[PDB]
RNA sequence: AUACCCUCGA
Ligand SMILES: [Mg+2]
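Chains as they are written, first to last, in UniProt numbering: chain D, 728 to 776; chain L, 1213 to 1261; chain S, 351 to 550; chain A, 6 to 105, 109 to 134, 139 to 157, 169 to 232; chain G, 8 to 157, 166 to 230; chain Y, 825 to 894, 918 to 987, 1020 to 1115.
So this is what it looks like as C-alpha cells:
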C-alpha cells in the first residue's frame, strides 16, 4: 500500500506477507525529475498513484 | 463500432469550408490519427553564414 | 545557408520564401552598406547593434536589399542544371525556406524532410546571370528534352482534372451562358455544378 | 481592443468597368472574412435590373428555326442576356423591338428605361419581339422561377479576391486583400464596393455601438 | 432590405448558448454566419493568467515538496482557468494553502472585480507536508500571445485569451407572414463562460462595422 | 493554431555546457566573478562565485559561468541562437582543491534530502512498531508487556544505529573528491531547458511511414469544420 | 579546429 506520494518520490508500505521479520515497510522510489538524455531531450517521471 | 457511436458507417461526412463556409460537394475522411513529432526540428537545421 | 523546405502556394514562379534570420545573416554586408549610405548608422558597431537588435527600421532596408536580388536554391544531389535555379526572395516568418510547388518536380524534391542550400550572388554579373540564365521562369523546358518540366504536379493536376470532368446529370445542366463571366457568376452563386454539361 | 483599420484604400482602374481594390494592413483572418463577405454580397445580393422573358414572333419553341437573321434563337437570347438596363421609373416594364443589323439602340424607349450600352448588337438581318424587364437581387436562373431566360440582376459581372501577406515593421505577418471587380458599366466598381459595404453594414447596424 | 432586430439569445448552459437572428434577407444567412464565426473565433477579448510565481520555485522545470504534480503540470492546469475581469485589466491574485487537500479555483483569493467561472478546476493535489503559496498575475488580451512575444523566480505563461471554443451556424427559413423567401441565422456558440453571448455578438457587430467603415 | 495553443507538440530540450579549469602554464585559472572588462548587467545575472543562479532566463551571448585564465577570460557563454532557462548546475573539484560555496550549498541540500528520507523511513517503521505493541497489550501478563517493550526499544535502537551508519556512509561518499583529468582543477557544467514549440519546418509523421514537414499554421477559422462546428486539427 | 568510428535525413 502506497504510504506517501509527491511529485518527487513514492513511499510504499510493503505488505507484511511479502516481507521479512524486521523492517517491514521500506520501499522508497525516487522519481528522476527533468534530466538531460543522450539526445538532449527531457527525462522526467510522474506519479500515477 | 462507428454505427454504435452514432457516426457515419462509411467513416466520412461532408465538411464545411473554413473561409467560404460552403459544404464540399463530396464527403471527405476525418478522424483521429496518432501523429508523431520527430527529432528533426528546423530550429537545429537553420544555418546561415 | 540551408534549412528544411516548405511548399508555398501563394508564391509566384519567379520568387521563393526566405526566413527573416537567414536573409538577415546572408545579406549582412548589403544591410551594412545601405545603412551607411542612408546615414542611419555612422560606425559599423552601430550597424551591427541595429541588425542584432532587429530594430524596426532594419526590416525596411532588408526589404530594399532583397527587392531585386535573386538567390540560388539547390538540393543535395544536383543531377542536372535544373537542380539549382535562381529565385527572387520574399521575406517570410519562420525558419523554413518556402518553395514554389511547380519547381519541386525539377528539383526532385518532396516536402518529407528535404533541405535546400541558399547562396547569394554578389557581383552585378552574378545577379544578371541569375536573372537572365537561371531564373526559375527561364528554365521551364527540360534541357534533356523540349518537354516542359515546370508542369502541374499531383495536387494541382487533381484539381484541374476534377474541374474539367462531366456528369451525366448535374445541377445547372442545360442552360446557355453568354460568357465565361456568366459561367463564373452562376457557379459561385451555387446555381450550377462544377461539372455540368452546359452551353457557353 | 484596437484593431488595424486601414484607411489607405486604393482602386487601381485597369479598365472602364474593371478595377482592382487593395487593402494592405489587415489582421490575420480579416482578409478572408471581408473578401468572402463582399464577394457573396456583390454576386448574390445586389439590386439591379435585367430582362427575364422574351417573345420573338414566329418562334413558338426555344429550339425553333427562324429565317431572316444570320444567327439562331439561342444566340439571340445570349445577346439579350448581356444588356445593361437601369429602371428608374418602375420595377416592371415591357419593351418591344421591331426591325426587318439589329442593335440595342434600336429598342424604343420611354423616360423610365435607360439602356447603358446602346451599341450591344442583338441580331444581323438579311424581328418583331417584345421583352420583359424586371428588378431582382442576383443571378436568378430560368429554371428556378424563349419565354424564359436566365436573369443576371446583380450589377457586377465577375468578382474575385485574393489575400497576400503584408509586411508591417515589427508585426511582419498580416494579410492584404486584393479584390477585383467588373460591372456591366451601370455602376462604377468603386460605387459597387461602397454599395456592398453599406448593405453589409446595414445587416448588423442594430447592435453595433 | 429587411434587417434583424432584437437579437435573440438562448442559454443552454453556462458555456453553450444559441443566438438566433430572425429577419434576414435571402442568401444573407451564410454570409452573416461565416463572418460572425470568423470574427468570434479570431478576435474576442478575454483574460487569462499570464504570470505566476511561487515561493518555493525557481523555474518551471522543478517540483515542490508535498505537491503531487510538478510545476509544468501546475502551470498547464492554470492555463485552463476561466476568469472574468470587470474593472481594470491587469490584476494579481494569490493562492496559499498548506496541508493535505486539493487546490481548486475556489481556493484562489477572491476580489471585487475578479470572478471565477470554473471553480471546480483542480490545479494540484497536496500531501500532509505539501504547502504552496503562489501569486497569479492575469491580463486581458485578444489572441494567442506566447511567452516570447510578451528577475529570477517569475514564470512566464503562454496565454490564449480567446474565450470562445466552438462556433456553429445553420440557416433556416423565417416566416414573418410577409413571404417565404426570408430566412434566419442560428449561431450555436460555445464559450468558456467568461463572456456573455449577446456581448460577443455585439462586439463582433462593431468589429465588422469598423472593418467595413475602412471603405 | 489550436495544436499550438493547446501546446500539444511542444517538447522540452535539455542541453549542457561545460567549463574546465586547466592548469595553465602561468597559473591555474580561477572560477571568479571579477571577469576583467565585464559589464554590470551581465555580472548581475551572475552570482558572487561566478555561476548563473539556477532558474534564470538566458538570452544569446549571456555569460553563464565566469573563468579567468592568466587575466584573460575563459568564461562560458551560450552559443548563438541558443536561449533557455538554467535548471541545474554541477560542480566538480579536483582532490586537494578548495570546495567553493556553490558546491557546499549543493552538498548541504543533498544531505538534507537524504537525512529527511531516512528520517521519514524511520518514522513510518517506528510508528508501525509502536502501534503494533500498543495493540498487543490491553487498554491503558505483566512480564510479557515489559519483555515486548524491551524488544521494541532494542529494535528501535538497532534501526537508529543502522540508519545513522547509512547516513554517515552517504555523507562520506559525498565528501570525496573527483578523479578529474590531469590539469583539471574545477569542472563546472550548466543545464539549459528549452520549450521547443512546433513551427513550420518541423518534421511530423504518423505510424505508417507517412512523413511530412509542417507547412503553415492557419487559425482555427480556416480549417474545415464539421456541420456541428468542430474544426479539424490537421489536413493531410 | 585535424583524422577516423558510430548513428541519422533526403
Ligand atoms: Mg523526400
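For each residue, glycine too, the CB sits at the ideal point set by N, CA and C.
Checklist entry - If we ignore side chains and look at the alpha-carbon of each, how far apart do residue 483 (chain S) and residue 490 (chain S) end up? => result For the purposes of this step, residue 483 (chain S) is identified with residue 133 of the third chain, where counting begins at 1. For the purposes of this step, residue 490 (chain S) is identified with residue 140 of the third chain, where counting begins at 1. Roughly 12 Å separates the two Cα atoms.
Next on the checklist: Tell me whether residue 15 (chain G), by its Cβ, gets closer than 6 Å to a heavy atom of ligand 1.
Outcome noted: Indexing the fifth chain from 1 puts residue 15 (chain G) at position 8. No, the Cβ of residue 15 (chain G) stays beyond 6 Å of every heavy atom of ligand 1.
Item to check | Neighbour list for residue 940 (chain Y) in chain G, Cβ cutoff strictly below 8 Å | outcome: The residue labelled residue 940 (chain Y) in the question sits at position 93 within the sixth chain. The contacting residues do not exist; residue 940 (chain Y) stays about 24 Å from chain G at best.
Checklist entry - Within the 7 Å Cβ cut-off, does residue 195 (chain A) reach chain S? => result As a first step, residue 195 (chain A) must be located in the fourth chain, where it is residue number 172. Cβ-Cβ to chain S under 7 Å: yes for residue 195 (chain A).
Item to check | Straight-line gap, residue 163 (chain G) to residue 520 (chain S) (C-alpha atoms, nearest Å) | outcome: Coordinates for residue 163 (chain G) are absent; the numbering of chain G skips from 157 straight to 166.
Checklist entry - Would DSSP call residue 153 (chain G) helix, strand or coil? => result Here residue 153 (chain G) corresponds to residue number 146 of the fifth chain, with the count starting at 1. Three-state DSSP puts residue 153 (chain G) in coil, outside helix and strand.
Next on the checklist: Check whether the segment 24-32 of chain A and the segment 186-196 of chain A touch, using three or more Cβ-Cβ pairs below 8 Å as the test.
Outcome noted: The segment 24-32 of chain A vs the segment 186-196 of chain A: in contact.
Item to check | alpha helix (DSSP H) segments (min. 4 residues) lying fully within the segment 851-878 of chain Y | outcome: Counting only runs of 4 or more, we get 864-869.
Item to check | 8 Å contact criterion, which residue 481 (chain S) and residue 413 (chain S) should meet: CB distance rounded | outcome: Looking up residue 481 (chain S) in the third chain gives position 131. Looking up residue 413 (chain S) in the third chain gives position 63. With 8 Å as the limit, residue 481 (chain S) and residue 413 (chain S) do not qualify as a contact, their Cβ atoms being about 18 Å apart.
Checklist entry - Per DSSP, what kind of secondary structure is residue 922 (chain Y) in: helix, strand or coil? => result Translated into positions along the sixth chain, residue 922 (chain Y) becomes position 75. Under the three-state reduction of DSSP output, residue 922 (chain Y) falls in the coil class, being neither helix nor strand.
Item to check | Cβ distance (whole Å) where residue 751 (chain D) is taken to contact residue 975 (chain Y) below 8 Å | outcome: As a first step, residue 751 (chain D) is located in the first chain; it is residue number 24 there, counting from the start. As a first step, residue 975 (chain Y) is located in the sixth chain; it is residue number 128 there, counting from the start. Contact between residue 751 (chain D) and residue 975 (chain Y) holds: their C-beta atoms lie close to 6 Å from each other, under 8 Å.
Next on the checklist: Let me see if you follow: with CB-CB separation under 7 Å, is residue 11 (chain A) close to chain S or not?
Outcome noted: Here residue 11 (chain A) is taken as the residue at index 6 of the fourth chain, counted from 1. Under the 7 Å criterion on CB atoms, residue 11 (chain A) is classed as non-interfacial with respect to chain S.
Checklist entry - Should residue 151 (chain A) and residue 183 (chain A) be called a contact, given that it needs their Cβ atoms to be closer than 7 Å? => result Position 139 of the fourth chain, counted from the start, is the residue given in the question as residue 151 (chain A). Position 160 of the fourth chain, counted from the start, is the residue given in the question as residue 183 (chain A). Not a contact, by the Cβ cut-off of 7 Å.
Checklist entry - Nearest-angstrom Cα distance between residue 1089 (chain Y) and residue 211 (chain A)? => result Locating residue 1089 (chain Y) in the sixth chain gives position 210, where the first residue counts as 1. Locating residue 211 (chain A) in the fourth chain gives position 188, where the first residue counts as 1. Cα-Cα distance, rounded: 52 Å.
Checklist entry - Using CA coordinates, which residue listed in A:81, A:34, A:111 and A:178 is at the minimum distance from residue 170 (chain A)? => result Working through the fourth chain from its first residue, we reach residue 170 (chain A) at position 147. The candidate whose alpha carbon is nearest that of residue 170 (chain A) is A:81.
Item to check | Within chain Y, partners of residue 44 (chain G) - CB distance below 9 Å | outcome: Against the fifth chain, residue 44 (chain G) aligns to sequence position 37. Under the 9 Å cutoff, chain Y gives 1100, 1104 and 1108.
Checklist entry - residue 217 (chain A): which of A:43, A:56 and A:7 sits nearest, CA to CA? => result Position 194 of the fourth chain holds residue 217 (chain A). Cα-wise, what sits closest to residue 217 (chain A) is A:43.
Next on the checklist: Below 9 Å on C-beta distance, what does residue 48 (chain G) contact in chain Y?
Outcome noted: Numbered from 1 along the fifth chain, position 41 holds the residue referred to as residue 48 (chain G). Those within 9 Å of residue 48 (chain G) in chain Y are 1098, 1099, 1100 and 1110.
Item to check | Among A:13, A:23, A:198 and A:37, the one whose alpha carbon lies nearest that of residue 1233 (chain L) | outcome: On the second chain, residue 1233 (chain L) is found 21 positions in, with the first residue counted as 1. The residue from A:13, A:23, A:198 and A:37 with its alpha-carbon nearest to that of residue 1233 (chain L) is A:37.
Item to check | 7 Å Cβ cutoff, residue 26 (chain G) in contact with chain A | outcome: For this step, residue 26 (chain G) is matched to residue 19 along the fifth chain. No, no contact with chain A.
Checklist entry - Can you find a heavy atom of ligand 1 that lies under 6 Å from the Cβ of residue 1255 (chain L)? => result For the purposes of this step, residue 1255 (chain L) is taken as residue 43 along the second chain, with counting starting at 1. Residue 1255 (chain L) has its CB no nearer than 6 Å to any heavy atom of ligand 1.
Item to check | Extent of the continuous beta strand (DSSP E) to which residue 827 (chain Y) belongs | outcome: Working through the sixth chain from its first residue, we reach residue 827 (chain Y) at position 3. From DSSP, residue 827 (chain Y) is part of no beta strand (DSSP E) but of the alpha helix (DSSP H) over 826-829.
Checklist entry - Are the C-beta of residue 182 (chain G) and some C-beta of chain Y separated by less than 7 Å? => result To locate residue 182 (chain G), count along the fifth chain from 1; it is residue 167. Closer than 7 Å: yes.
Checklist entry - Leaving out five residues before and five after residue 510 (chain S) in sequence, what residues of the same chain have Cβ atoms less than 7 Å from its Cβ? => result The residue given as residue 510 (chain S) occupies position 160 in the third chain. Excluding positions up to five away in sequence, the list reads 502.
Item to check | Contact set between the segment 734-767 of chain D and chain G, restricted to residues whose Cβ is under 7 Å from the partner | outcome: Cβ contacts with chain G come from 734, 735, 760 and 761.
Checklist entry - Between the beta-carbon of residue 143 (chain G) and the beta-carbon of residue 59 (chain G), is there less than 7 Å? => result Walking along the fifth chain from the start, residue 143 (chain G) turns up at place 136. Walking along the fifth chain from the start, residue 59 (chain G) turns up at place 52. Contact: yes.
Checklist entry - Within the present structure, is the beta-carbon of residue 464 (chain S) separated from the nearest heavy atom of ligand 1 by less than 6 Å? => result For this step, residue 464 (chain S) is matched to residue 114 along the third chain. In this structure, residue 464 (chain S) has its beta carbon less than 6 Å from a heavy atom of ligand 1.
Checklist entry - Are the segment 1081-1096 of chain Y and the segment 1242-1256 of chain L in contact at 8 Å, needing three or more beta carbon pairs? => result Between the segment 1081-1096 of chain Y and the segment 1242-1256 of chain L there are three or more inter-stretch CB-CB distances shorter than 8 Å, so the stretches are counted as touching.
Checklist entry - Just to confirm, does residue 460 (chain S) get its C-beta within under 6 Å of one of the non-hydrogen atoms of ligand 1? => result Here residue 460 (chain S) refers to the residue found at position 110 of the third chain. Relative to ligand 1, residue 460 (chain S) has its C-beta within less than 6 Å of a heavy atom.
Item to check | DSSP state of residue 976 (chain Y) mapped onto helix, strand, coil | outcome: In the sixth chain, counting from the first residue as 1, residue 976 (chain Y) sits at position 129. Three-state DSSP puts residue 976 (chain Y) in a helix.
Next on the checklist: For residue 498 (chain S), list the residues DSSP reports as bridge partners.
Outcome noted: For the purposes of this step, residue 498 (chain S) is identified with residue 148 of the third chain, where counting begins at 1. Paired residues: S:491.
Next on the checklist: Strictly below 8 Å CB to CB, what residues from chain Y border residue 1214 (chain L)?
Outcome noted: As a position in the second chain, residue 1214 (chain L) is number 2, starting the count at 1. The CB of residue 1214 (chain L) never comes closer than 8 Å to any CB in chain Y; the least such distance is about 15 Å.
Next on the checklist: Please report the straight-line C-alpha distance between residue 768 (chain D) and residue 932 (chain Y), rounded to a whole angstrom.
Outcome noted: As a working mapping, residue 768 (chain D) is identified with position 41 in the first chain. As a working mapping, residue 932 (chain Y) is identified with position 85 in the sixth chain. Taking the straight line from one Cα to the other gives about 14 Å.
Checklist entry - Are the beta-carbon atoms belonging to residue 840 (chain Y) and residue 1068 (chain Y) less than 7 Å from one another? => result What you label residue 840 (chain Y) is simply residue 16 of the sixth chain in a count that begins at 1. What you label residue 1068 (chain Y) is simply residue 189 of the sixth chain in a count that begins at 1. Closer than 7 Å, so yes.
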